[PDB]
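In UniProt numbering, the protein residues as written are 1223 to 1342.
C-beta atoms are modelled at their ideal positions from N, C-alpha and C, and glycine is treated no differently.
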């Protein structure tokens, strides 16, 4: 409380003196390890206790039906989302190499990135 900027302190105090519980529910989507539904930005699955791979473009948990990888670094992204952010900036968010939206490929088999790592 003592370290907060005085610009925001009165607003932060005001939000605690008058709680507003209204909040847009995060959509729940299937864990790629066990199909347990959890919020798009929740990455430790409570259904299987695995840390899920994350989209390098948006940080949501990866989905088996929208998978791609950066060609320079092999890290996973949501194909729709990485294509969208490459219209905003000319570089990978992960490796900082230059990219073009035409270099992206959608992946039909992500299972090599999803084997529970005790098997490796």
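Thinking C-alpha only, which one of 1326, 1224, 1251, 1340 is nearest residue 1290? Here residue 1290 refers to the residue found at position 68 of the chain shown. Residue 1326 is the option with its Cα nearest to residue 1290.
Practice item. Leaving out five residues on either side along the sequence, give the residues of the same chain with a beta carbon under 8 Å from the beta carbon of residue 1285. Key: Position 63 of the chain shown, counted from the first residue, corresponds to residue 1285. Excluding sequence neighbours, residue 1285 sits near 1251, 1252, 1254, 1300.
Practice item. Could you tell me which residues DSSP pairs with residue 1290 in its beta bridges? Key: For the purposes of this step, residue 1290 is identified with residue 68 of the chain shown, where counting begins at 1. Beta-bridge pairing links residue 1290 to 1299, 1328.
- Given a cut-off of 8 Å, decide if residue 1302 and residue 1287 are closer than it, judged by their beta-carbon atoms. The residue given as residue 1287 occupies position 65 in the chain shown. The residue given as residue 1302 occupies position 80 in the chain shown. Not a contact, by the Cβ cut-off of 8 Å.
Exercise for the section: Count the other C-beta atoms from every protein chain shown that fall within 10 angstroms of the C-beta of residue 1323, then say buried if there are 16 or more, exposed otherwise. Expected result: Counted from its first residue, the chain shown places residue 1323 at position 101. Exposed.
Looking at the secondary structure, which residues open and close the alpha helix (DSSP H) in which residue 1264 lies?
The residue you call residue 1264 lines up with position 42 of the chain shown. Where residue 1264 is concerned, there is no enclosing alpha helix (DSSP H), given that its DSSP letter is neither H nor E.
Cβ pair residue 1277, residue 1269 closer than 8 Å
Within the chain shown, numbered from 1, the residue matching residue 1277 stands at position 55. Within the chain shown, numbered from 1, the residue matching residue 1269 stands at position 47. No, the Cβ-Cβ distance between residue 1277 and residue 1269 is not below 8 Å.
**Prompt:** Over what stretch of residues does the beta strand (DSSP E) that includes residue 1280 continue unbroken?
**Reply:** Translated into the one-based positions of the chain shown, residue 1280 becomes position 58. It is not in any beta strand (DSSP E) - residue 1280 carries neither H nor E in the DSSP assignment.
Quick check: residue 1262 and residue 1248, are their CB atoms within less than 8 Å of each other?
Numbered from 1 along the chain shown, position 40 holds the residue referred to as residue 1262. Numbered from 1 along the chain shown, position 26 holds the residue referred to as residue 1248. It is a contact, given that the beta carbons lie within the stated cut-off.
### Query
Thinking just about the alpha-carbon of each residue, which of 1294, 1328, 1307 is nearest to the one in residue 1180?
Nothing can be reported for residue 1180: it is not among the residues displayed for the chain, which extend from 1223 to 1342.
Self-check item: Pairwise C-alpha distance: residue 1336 and residue 1329
Solution: Working through the chain shown from its first residue, we reach residue 1329 at position 107. Working through the chain shown from its first residue, we reach residue 1336 at position 114. C-alpha separation (whole angstroms): 13 Å.
Residues near residue 1295 in its chain [Cβ-Cβ closer than 8 Å; skip 5 each side] = Here residue 1295 refers to the residue found at position 73 when the chain shown is read from its first residue. Once the five neighbours on either side are set aside, the close Cβ partners of residue 1295 are 1314, 1316, 1317, 1319.
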